[PDB]
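Undergrad: Structure file target23.txt (compact mmCIF, C-alpha atoms and all ligand atoms) is given on the next line.
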# COMPACT_ATOMS: atom_id res chain seq x y z
CA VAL A 324 10.51 -6.04 -0.69
CA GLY A 325 13.40 -6.55 -3.20
CA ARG A 326 13.73 -3.94 -5.98
CA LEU A 327 11.02 -4.02 -8.75
CA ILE A 328 7.22 -3.86 -8.88
CA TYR A 329 6.13 -6.59 -11.33
CA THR A 330 2.76 -6.38 -13.09
CA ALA A 331 1.54 -9.52 -14.83
CA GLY A 332 -1.41 -9.92 -17.18
CA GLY A 333 -4.55 -7.82 -17.05
CA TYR A 334 -7.35 -6.76 -19.35
CA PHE A 335 -7.74 -4.28 -22.19
CA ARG A 336 -10.15 -5.39 -24.98
CA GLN A 337 -9.11 -8.94 -24.04
CA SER A 338 -6.89 -10.70 -21.48
CA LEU A 339 -3.17 -9.72 -21.64
CA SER A 340 0.10 -11.67 -21.44
CA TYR A 341 2.31 -8.69 -20.44
CA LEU A 342 4.91 -8.95 -17.70
CA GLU A 343 6.48 -5.57 -17.00
CA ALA A 344 8.60 -4.34 -14.08
CA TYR A 345 8.67 -0.81 -12.72
CA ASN A 346 11.73 0.44 -10.82
CA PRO A 347 10.84 3.11 -8.23
CA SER A 348 14.56 4.06 -7.87
CA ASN A 349 14.73 5.40 -11.48
CA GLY A 350 11.21 5.57 -13.00
CA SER A 351 12.05 2.88 -15.61
CA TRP A 352 9.77 0.19 -17.01
CA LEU A 353 11.17 -3.09 -18.42
CA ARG A 354 9.19 -5.54 -20.58
CA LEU A 355 10.00 -9.13 -19.60
CA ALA A 356 8.87 -12.60 -20.82
CA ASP A 357 5.11 -12.83 -21.62
CA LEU A 358 2.90 -15.17 -19.65
CA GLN A 359 2.42 -18.44 -21.59
CA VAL A 360 -1.39 -17.88 -21.42
CA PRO A 361 -3.13 -14.47 -21.37
CA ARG A 362 -5.02 -13.80 -18.19
CA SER A 363 -6.98 -11.10 -16.41
CA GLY A 364 -8.34 -11.34 -12.86
CA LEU A 365 -5.27 -13.17 -11.61
CA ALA A 366 -3.17 -12.50 -8.54
CA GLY A 367 0.56 -12.15 -8.10
CA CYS A 368 2.75 -13.05 -5.15
CA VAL A 369 6.37 -13.86 -4.32
CA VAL A 370 7.92 -16.82 -2.49
CA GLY A 371 11.67 -17.43 -2.25
CA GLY A 372 12.34 -14.60 -4.70
CA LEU A 373 10.12 -16.22 -7.41
CA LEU A 374 7.09 -14.50 -8.86
CA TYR A 375 3.88 -16.53 -9.04
CA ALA A 376 0.85 -15.86 -11.26
CA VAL A 377 -2.32 -17.50 -9.87
CA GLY A 378 -5.75 -18.06 -11.42
CA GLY A 379 -7.59 -15.54 -13.63
CA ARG A 380 -9.43 -15.96 -16.92
CA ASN A 381 -8.42 -15.76 -20.52
CA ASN A 382 -11.04 -13.49 -22.19
CA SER A 383 -10.03 -13.87 -25.82
CA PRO A 384 -11.47 -13.62 -29.37
CA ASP A 385 -11.55 -17.46 -29.64
CA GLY A 386 -13.23 -18.10 -26.22
CA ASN A 387 -13.33 -17.41 -22.47
CA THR A 388 -11.53 -19.82 -20.11
CA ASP A 389 -11.25 -19.48 -16.35
CA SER A 390 -7.79 -20.45 -15.10
CA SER A 391 -6.79 -22.91 -12.39
CA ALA A 392 -3.12 -22.29 -13.36
CA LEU A 393 -0.16 -21.52 -11.17
CA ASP A 394 2.93 -20.31 -13.05
CA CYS A 395 6.32 -19.31 -11.72
CA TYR A 396 8.65 -16.57 -13.06
CA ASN A 397 12.38 -16.63 -12.22
CA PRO A 398 13.99 -13.16 -12.61
CA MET A 399 17.42 -14.87 -12.88
CA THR A 400 16.37 -16.69 -16.11
CA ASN A 401 13.52 -14.49 -17.42
CA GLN A 402 11.45 -17.67 -17.89
CA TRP A 403 7.99 -18.77 -16.80
CA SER A 404 7.51 -22.37 -15.62
CA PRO A 405 4.19 -24.11 -15.02
CA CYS A 406 3.46 -25.42 -11.51
CA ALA A 407 0.66 -27.76 -10.35
CA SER A 408 -2.80 -26.38 -11.08
CA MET A 409 -5.38 -25.63 -8.40
CA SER A 410 -8.36 -27.85 -7.66
CA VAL A 411 -10.64 -25.40 -9.48
CA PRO A 412 -10.50 -22.40 -11.85
CA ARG A 413 -10.55 -19.10 -9.95
CA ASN A 414 -11.12 -15.86 -11.82
CA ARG A 415 -10.98 -12.63 -9.76
CA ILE A 416 -8.98 -14.49 -7.14
CA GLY A 417 -7.14 -13.18 -4.10
CA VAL A 418 -3.88 -14.60 -2.79
CA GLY A 419 -1.77 -14.39 0.36
CA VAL A 420 1.53 -15.87 1.43
CA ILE A 421 2.18 -17.29 4.90
CA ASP A 422 5.32 -19.21 5.93
CA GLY A 423 6.34 -19.77 2.28
CA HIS A 424 2.91 -21.16 1.29
CA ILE A 425 0.48 -19.60 -1.16
CA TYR A 426 -3.21 -19.37 -0.21
CA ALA A 427 -5.62 -19.06 -3.14
CA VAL A 428 -8.94 -17.59 -2.03
CA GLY A 429 -12.36 -17.46 -3.70
CA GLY A 430 -12.85 -16.35 -7.29
CA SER A 431 -15.28 -17.57 -9.94
CA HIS A 432 -15.66 -20.42 -12.38
CA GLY A 433 -18.45 -19.42 -14.77
CA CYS A 434 -21.44 -18.67 -12.53
CA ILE A 435 -19.86 -20.56 -9.57
CA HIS A 436 -18.75 -18.10 -6.92
CA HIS A 437 -16.27 -19.93 -4.64
CA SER A 438 -15.97 -19.84 -0.85
CA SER A 439 -13.24 -22.51 -1.16
CA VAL A 440 -9.59 -21.90 -0.27
CA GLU A 441 -6.48 -23.90 -1.03
CA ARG A 442 -2.86 -23.79 -0.11
CA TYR A 443 0.21 -24.42 -2.29
CA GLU A 444 3.50 -25.81 -0.95
CA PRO A 445 6.36 -24.92 -3.35
CA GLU A 446 8.70 -27.58 -1.88
CA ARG A 447 6.12 -30.29 -2.78
CA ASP A 448 4.48 -28.60 -5.87
CA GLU A 449 1.09 -29.51 -4.38
CA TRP A 450 -2.17 -27.79 -3.60
CA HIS A 451 -4.41 -28.84 -0.71
CA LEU A 452 -7.84 -27.48 0.20
CA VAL A 453 -8.25 -25.84 3.62
CA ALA A 454 -11.39 -24.62 5.42
CA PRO A 455 -13.64 -22.56 3.16
CA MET A 456 -14.52 -18.98 3.91
CA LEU A 457 -17.80 -18.23 5.59
CA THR A 458 -18.84 -16.20 2.49
CA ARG A 459 -18.49 -16.76 -1.24
CA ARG A 460 -16.19 -14.06 -2.60
CA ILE A 461 -15.01 -13.08 -6.03
CA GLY A 462 -13.26 -9.77 -6.68
CA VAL A 463 -11.89 -10.41 -3.21
CA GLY A 464 -8.93 -8.59 -1.67
CA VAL A 465 -6.50 -10.67 0.39
CA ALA A 466 -3.64 -9.71 2.72
CA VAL A 467 -1.47 -11.21 5.45
CA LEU A 468 -0.57 -9.62 8.78
CA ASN A 469 1.09 -11.40 11.71
CA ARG A 470 0.66 -14.78 9.96
CA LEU A 471 -3.09 -14.43 9.67
CA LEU A 472 -4.93 -14.29 6.31
CA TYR A 473 -7.62 -11.70 5.61
CA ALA A 474 -10.28 -11.89 2.90
CA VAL A 475 -11.88 -8.50 2.26
CA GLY A 476 -15.00 -7.51 0.33
CA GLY A 477 -15.94 -8.95 -3.04
CA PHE A 478 -19.09 -10.29 -4.65
CA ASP A 479 -20.94 -13.40 -3.43
CA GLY A 480 -23.04 -14.09 -6.58
CA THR A 481 -25.84 -11.73 -5.54
CA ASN A 482 -24.43 -8.80 -3.48
CA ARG A 483 -21.25 -6.74 -3.36
CA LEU A 484 -19.83 -6.96 0.15
CA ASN A 485 -18.48 -4.69 2.88
CA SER A 486 -17.76 -7.79 4.99
CA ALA A 487 -14.41 -9.29 5.76
CA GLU A 488 -13.00 -12.37 7.51
CA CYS A 489 -9.78 -13.80 8.92
CA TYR A 490 -8.27 -17.28 8.65
CA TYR A 491 -6.43 -18.65 11.72
CA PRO A 492 -4.12 -21.36 10.26
CA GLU A 493 -3.45 -23.31 13.44
CA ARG A 494 -7.25 -23.66 13.99
CA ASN A 495 -8.05 -24.09 10.26
CA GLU A 496 -10.87 -21.64 10.93
CA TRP A 497 -12.37 -18.52 9.39
CA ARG A 498 -14.05 -15.85 11.53
CA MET A 499 -15.74 -12.59 10.55
CA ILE A 500 -14.01 -9.33 11.42
CA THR A 501 -15.54 -5.87 11.62
CA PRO A 502 -17.01 -5.00 8.20
CA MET A 503 -15.59 -2.11 6.17
CA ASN A 504 -17.46 1.17 6.07
CA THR A 505 -17.86 0.84 2.27
CA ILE A 506 -19.07 -1.94 0.03
CA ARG A 507 -16.17 -2.93 -2.23
CA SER A 508 -15.74 -5.57 -4.95
CA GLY A 509 -12.41 -5.41 -6.80
CA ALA A 510 -10.57 -3.26 -4.28
CA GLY A 511 -6.84 -3.29 -3.88
CA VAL A 512 -6.01 -4.88 -0.51
CA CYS A 513 -2.57 -4.89 1.17
CA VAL A 514 -0.82 -4.54 4.52
CA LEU A 515 1.27 -1.68 5.84
CA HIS A 516 2.50 -1.47 9.40
CA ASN A 517 -0.25 -2.93 11.60
CA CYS A 518 -3.17 -2.23 9.21
CA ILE A 519 -5.03 -3.87 6.33
CA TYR A 520 -5.78 -1.29 3.63
CA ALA A 521 -8.66 -1.50 1.18
CA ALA A 522 -8.32 0.99 -1.73
CA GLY A 523 -10.93 1.63 -4.41
CA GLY A 524 -13.23 -1.03 -5.81
CA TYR A 525 -16.85 -0.96 -6.90
CA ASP A 526 -19.81 -0.49 -4.53
CA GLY A 527 -22.58 -1.59 -6.94
CA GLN A 528 -23.10 1.95 -8.35
CA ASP A 529 -19.73 3.67 -8.68
CA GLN A 530 -16.01 3.03 -8.86
CA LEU A 531 -14.39 4.31 -5.67
CA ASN A 532 -11.43 6.52 -4.87
CA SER A 533 -11.84 6.07 -1.06
CA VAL A 534 -9.36 4.19 1.05
CA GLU A 535 -9.83 2.67 4.48
CA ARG A 536 -7.71 0.67 6.83
CA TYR A 537 -8.34 -1.89 9.51
CA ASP A 538 -6.23 -1.76 12.65
CA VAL A 539 -5.94 -5.32 13.98
CA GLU A 540 -5.47 -4.08 17.58
CA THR A 541 -8.57 -1.82 17.63
CA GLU A 542 -10.75 -3.83 15.22
CA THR A 543 -11.96 -0.67 13.52
CA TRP A 544 -11.80 0.67 9.97
CA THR A 545 -10.73 4.28 9.39
CA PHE A 546 -10.72 6.24 6.11
CA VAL A 547 -7.42 7.77 5.01
CA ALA A 548 -6.87 10.19 2.11
CA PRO A 549 -8.64 9.07 -1.12
CA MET A 550 -6.75 8.19 -4.29
CA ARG A 551 -6.53 10.83 -7.06
CA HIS A 552 -8.37 8.39 -9.38
CA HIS A 553 -11.49 6.34 -8.82
CA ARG A 554 -10.63 2.73 -9.74
CA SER A 555 -11.79 -0.88 -9.51
CA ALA A 556 -9.81 -4.04 -10.45
CA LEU A 557 -6.59 -2.22 -9.56
CA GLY A 558 -3.31 -3.91 -8.73
CA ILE A 559 -1.72 -3.01 -5.38
CA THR A 560 1.53 -3.69 -3.60
CA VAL A 561 3.87 -2.29 -0.96
CA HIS A 562 7.42 -1.21 -1.70
CA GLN A 563 9.65 0.41 0.95
CA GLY A 564 6.84 1.44 3.27
CA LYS A 565 4.58 2.93 0.62
CA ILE A 566 1.50 1.62 -1.15
CA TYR A 567 1.41 1.56 -4.97
CA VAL A 568 -1.80 1.14 -6.94
CA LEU A 569 -1.62 0.19 -10.59
CA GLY A 570 -4.31 0.67 -13.25
CA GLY A 571 -7.89 -0.49 -12.98
CA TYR A 572 -11.13 0.79 -14.49
CA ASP A 573 -12.90 4.09 -13.56
CA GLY A 574 -16.19 3.64 -15.52
CA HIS A 575 -14.70 5.48 -18.54
CA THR A 576 -11.08 4.46 -19.13
CA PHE A 577 -8.78 1.52 -18.46
CA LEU A 578 -6.22 3.44 -16.45
CA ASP A 579 -2.47 3.55 -16.96
CA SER A 580 -2.16 5.63 -13.75
CA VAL A 581 0.14 4.40 -10.96
CA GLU A 582 -0.37 6.18 -7.58
CA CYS A 583 1.84 5.99 -4.48
CA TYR A 584 0.61 6.49 -0.89
CA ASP A 585 2.90 7.94 1.78
CA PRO A 586 1.37 7.00 5.18
CA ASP A 587 3.38 9.60 7.15
CA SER A 588 1.94 12.53 5.15
CA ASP A 589 -1.35 10.74 4.30
CA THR A 590 -1.00 11.77 0.65
CA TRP A 591 -1.22 10.08 -2.75
CA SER A 592 0.85 11.17 -5.71
CA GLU A 593 1.23 9.94 -9.28
CA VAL A 594 4.63 8.31 -9.75
CA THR A 595 4.51 6.82 -13.26
CA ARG A 596 2.17 5.46 -15.88
CA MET A 597 2.01 1.92 -17.12
CA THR A 598 3.01 1.45 -20.75
CA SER A 599 -0.69 1.00 -21.52
CA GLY A 600 -4.01 1.17 -19.64
CA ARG A 601 -5.33 -2.10 -18.13
CA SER A 602 -7.35 -3.57 -15.23
CA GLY A 603 -7.30 -6.93 -13.41
CA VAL A 604 -3.50 -7.26 -13.16
CA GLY A 605 -1.38 -9.37 -10.77
CA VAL A 606 1.26 -7.40 -8.86
CA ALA A 607 4.14 -8.33 -6.56
CA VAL A 608 7.68 -7.21 -5.64
CA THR A 609 10.98 -9.06 -6.06
CA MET A 610 14.60 -8.67 -7.20
CA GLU A 611 15.49 -7.16 -10.57
CA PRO A 612 16.17 -9.67 -13.39
CA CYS A 613 19.25 -10.34 -15.55
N1 LIG A 701 -10.29 -8.68 -14.23
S1 LIG A 701 -11.11 -7.63 -15.12
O1 LIG A 701 -11.20 -8.17 -16.45
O2 LIG A 701 -10.52 -6.34 -14.93
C1 LIG A 701 -12.76 -7.55 -14.47
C2 LIG A 701 -13.04 -6.71 -13.40
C3 LIG A 701 -14.33 -6.64 -12.90
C4 LIG A 701 -15.33 -7.42 -13.46
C5 LIG A 701 -15.05 -8.26 -14.52
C6 LIG A 701 -13.77 -8.32 -15.03
Starting from the coordinates I provided, produce the structure as structure tokens.
Ligand SMILES: NS(=O)(=O)c1ccccc1

TA:
Amino acid sequence: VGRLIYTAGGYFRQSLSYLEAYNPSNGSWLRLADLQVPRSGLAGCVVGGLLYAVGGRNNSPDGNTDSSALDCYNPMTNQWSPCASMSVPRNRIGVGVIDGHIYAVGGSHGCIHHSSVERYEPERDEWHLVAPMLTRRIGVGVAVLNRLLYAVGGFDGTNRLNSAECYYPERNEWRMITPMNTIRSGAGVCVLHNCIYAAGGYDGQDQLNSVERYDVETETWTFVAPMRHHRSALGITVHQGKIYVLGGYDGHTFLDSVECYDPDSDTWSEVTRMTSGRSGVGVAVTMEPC
């Protein structure tokens, strides 16, 4: 964990440059340095206390550009720094961190829906491709549990997916896992205790409030309590043993709602609102800035 939940970028009318940090200990929001380039459909992660913004797309008045960018935010300095770019642009990307390395998974580049996966090494500032997924996935949820990488749901270019797969680093190999009970593109995916959670998303007809979790020991998905708001393209993270979901789109509104899940009581509650409604944000947790 750390201290603050950082939300970077997103979409409302066009792609956003916002970086804002929510503090669960006092309810406060802080606006921090803007991204250098607006982006929606990006992912956030943390390595060595630095916040990384990965991929996305700049949907803007003057044009639409898919992003291969990796950028690094240092809370100590309140400055963004560019890192090496990925091999390819990846809008509606998923990311996971294992052993201080960032895995970028799937996403789109125009009509190209990627199965490709690449890994960034911060000590070298270098990306390298690894084995591709067995399925093309954009709007894909990614999480890490016990140093294995999970890619969950998404859209393959033709169908929204209930399927999911796992990457075994030491074998450089992807294998299918049990599919979810619900088709979901754009779900929030995270890890808590021994389970991979998939919250919300879009099933082809409707934005979802349902939430299900995969127990790696049993290989089964089980529904838990649904969110209070239906939402796709939500941000998600974990902070002190609770899941937080941030924004997204419900078919009517770009949500400012932030919900918090308590796994012991199996209940969701609203904890704050974002300063403005948005979908397609990048979210991660690190130390408070100066
Ligand atoms: N990342 S976003 O702009 O919220 C988006 C979400 C779903 C489909 C297309 C775009």

Undergrad: Would you mind telling me which residue in A:367, A:433, A:502, A:372 lies nearest to residue 542 in chain A when using only C-alpha atoms?

TA: A:502

Undergrad: Identify, counting all atoms listed in the file, the protein, DNA and RNA residues located within 9 Å of ligand LIG 701 (chain A), and give them as a list in words.

TA: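 After applying the 9 Å limit, what remains is residues 333, 334, 335, 337, 338, 362, 363, 364, 365, 379, 380, 382, 414, 415, 462, 508, 509, 525, 555, 556, 557, 571, 572, 577, 601, 602, 603 and 604 of chain A.
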
Undergrad: Could you list, as a PyMOL selection string, every residue within 10 Å of residue 596 in chain A, counting all atoms listed in the file and ignoring same-chain residues fewer than 6 positions away?

TA: chain A and resi 345+350+352+569-570+578-582

Undergrad: Restricting the calculation to only C-alpha atoms: of A:425, A:328, A:521, A:461, which residue gets closest to residue 354 in chain A?

TA: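 Residue with the minimum atom-to-atom distance to residue 354 in chain A: A:328.
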
Undergrad: Smallest atom-to-atom distance to residue 394 in chain A: which of A:331, A:467, A:475, A:510, using all atoms listed in the file?

TA: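 Nearest to residue 394 in chain A: A:331.
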
Undergrad: May I ask which of the residues A:426, A:540, A:586, A:576 is the closest one to residue 599 in chain A, counting only C-alpha atoms?

TA: A:576

Undergrad: I'd like the interatomic distance between CA of residue 526 in chain A and CA of residue 432 in chain A, to a tenth of an Å.

TA: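 So the answer is 21.8 Å.
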
Undergrad: Go through A:479, A:496, A:529, A:357 one by one, measure the shortest atom-to-atom distance of each to residue 434 in chain A using all atoms listed in the file, and give the residue with the smallest value.

TA: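 Closest candidate: A:479.
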
Undergrad: Select, from A:404, A:390, A:495, A:504, the residue with the minimum atom-to-atom distance to residue 359 in chain A, counting only C-alpha atoms.

TA: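 Of all the options, A:404 lies closest to residue 359 in chain A.
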
Undergrad: Would you pick out the contacts of range 440-449 of chain A at 7 Å or less, using all atoms listed in the file, so that residues sharing its chain but fewer than 3 positions from it are not included, and give the list as a PyMOL selection string?

TA: chain A and resi 406-407+424-429+452-455

Undergrad: Would you mind listing what lies within 6 Å of residue 513 in chain A as a list in words, with all atoms listed in the file counted and same-chain residues fewer than 6 positions away left out?

TA: residues 466, 519 and 520 of chain A

Undergrad: List as a short mmCIF file (atom, residue, chain, number, x, y, z; two decimals) with C-alpha atoms, keeping the file's coordinate frame: which residues have an atom within 6 Å of (11.6, -8.0, -4.6), counting all atoms listed in the file?

TA:
data_model
loop_
_atom_site.label_atom_id
_atom_site.label_comp_id
_atom_site.auth_asym_id
_atom_site.auth_seq_id
_atom_site.Cartn_x
_atom_site.Cartn_y
_atom_site.Cartn_z
CA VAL A 324 10.51 -6.04 -0.69
CA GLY A 325 13.40 -6.55 -3.20
CA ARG A 326 13.73 -3.94 -5.98
CA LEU A 327 11.02 -4.02 -8.75
CA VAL A 608 7.68 -7.21 -5.64
CA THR A 609 10.98 -9.06 -6.06
CA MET A 610 14.60 -8.67 -7.20
#

Undergrad: Please measure the separation of CA of residue 612 in chain A and CA of residue 396 in chain A, giving the value in Å to one decimal.

TA: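 Taking CA of residue 612 in chain A and CA of residue 396 in chain A, their separation equals 10.2 Å.
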